[PDB]
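We begin with a single chain expressed as structure tokens, specifically the form deposited in one PDB entry.
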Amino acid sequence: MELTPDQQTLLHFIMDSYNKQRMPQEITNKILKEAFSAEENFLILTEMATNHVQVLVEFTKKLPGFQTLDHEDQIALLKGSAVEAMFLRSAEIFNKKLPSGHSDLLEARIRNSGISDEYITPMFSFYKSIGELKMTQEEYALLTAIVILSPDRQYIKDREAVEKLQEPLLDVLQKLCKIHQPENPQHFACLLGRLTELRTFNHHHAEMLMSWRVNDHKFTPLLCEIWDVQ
């Protein structure tokens, strides 16, 4: 049915942590203002991604029960979700309503950022698939939390411990889906289906970055840890 006092408490807590992220407007304003070379964009991307991972560790640490997890499992969850979380966030930013013509220019600018064509079409397919769901800020925050607390992640020693942490969050998202879109009973299923399409970007991220039309692919030491790059 409708959220319990405990669920409402958990939702507002997840929301506050989620909003500690760099504002969508701060990112789209920079892209839309002027066109940049592939070298300038690759640099914008690495700084964007470094800030994202830093803010992600802080959001993750605040997830109920995360700090009670085995420390090696804590790293495995972060390493396993960081790329997925960035693309989900990029999809969110992409689908924010902007003035007439703005989202067409944003799309065109990203399309010519330096990344190869073969990664452009799968990436915009996902962004636009996410857009059709017409997700709320609360749905994005919970889906990110659910992505991080994935028990079926590689190197996870205690899967049941992660299951126990993800289950209450899945219950809240399911309820929000019945509240926000009661005319679409498939909404919760669509969102979870979208998480499988997120997993595909996780396999091609290293290639996606190294295929960028730049002479040198320089990354920060933190990005070399979460991403499989040198």
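Position 1 is the first residue in the sequence shown; the rest follow in order. For clarity, a rigid core is taken as the largest C-alpha set superposing within 1.5 Å between two forms.
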{"property": "Selected stretch [higher average CA B-factor]: 53-61 or 34-42", "result": "34-42"}
{"property": "Residue stretch of maximal mean CA temperature factor, 44-52 vs 171-179", "result": "171-179"}
{"property": "Deposited CA B-factor, highest of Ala141, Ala76, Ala91, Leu98", "result": "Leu98"}
{"property": "Modelled-residue ranking by C-alpha temperature factor, third containing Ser113", "result": "middle"}
{"property": "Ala161 CA temperature factor, ranked by third within the chain", "result": "middle"}
{"property": "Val229, C-alpha B-factor rank within chain (lowest, middle or highest third)", "result": "middle"}
{"property": "B-factor third for the C-alpha atom of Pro151 within its chain", "result": "middle"}
{"property": "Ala82 - Cα temperature factor, lowest/middle/highest third of chain", "result": "lowest"}
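Keep in mind that the form deposited in another entry is not shown, yet the notes after this line are about it.
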item: Rigid core superposition between the shown form and the other one: residue from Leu176, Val53, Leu165, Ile31 with Cα shift of 2 Å or more; value: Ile31
item: Core-aligned C-alpha movement of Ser103 between the shown form and the other one, 2 Å or more; value: yes
item: Yes/no, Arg213 Cα shift of 2 Å or more between the shown form and the other one with rigid core fixed; value: yes
item: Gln74 C-alpha relocation of at least 2 Å between the shown form and the other one, rigid core basis; value: no
item: In the other form, whether the C-alpha atoms of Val53 and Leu105 sit closer or farther than here (change of 3 Å or more); value: closer
item: Shift in CA distance, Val53 and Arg213, in the other form relative to the form shown here, given it is 3 Å or more; value: closer
